[PDB]
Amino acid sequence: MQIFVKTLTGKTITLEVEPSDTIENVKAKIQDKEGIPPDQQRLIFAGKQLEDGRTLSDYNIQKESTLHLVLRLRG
């Protein structure tokens, strides 16, 4: 399955996943493609924050669906 991840920098990242994949799985994939630790990523679908131990099947995230990514960098 294909999803899109838009960031607040005006940057879209496309990933290939499956409805069985956990939210942590999506973050580790994001950590590889762009280097953001999951500790400091927030993923949003339909205004709602995606919890780590859940699947994309739970949030009704189909193909075509696009997530919003918010970086929470340490300070």
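So that there is no doubt, residue numbering starts at 1 and follows the sequence shown. Between two forms, the rigid core is the largest collection of C-alphas that superpose within 1.5 Å.
Taking the rigid core as the alignment reference, the C-alpha atoms of 7 to 15 lie farther on average from the displayed form in 6 other deposited structures of this protein than those of the other stretch among 53 to 61 and 7 to 15.
Between the residues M1, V5, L73, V70, it is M1 that shows the highest Cα B-factor in the PDB record. The entry lists a Cα temperature factor for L15 that places it in the highest third of the chain's modelled residues.
The deposited CA B-factor of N60 belongs to the highest third of values across its chain.
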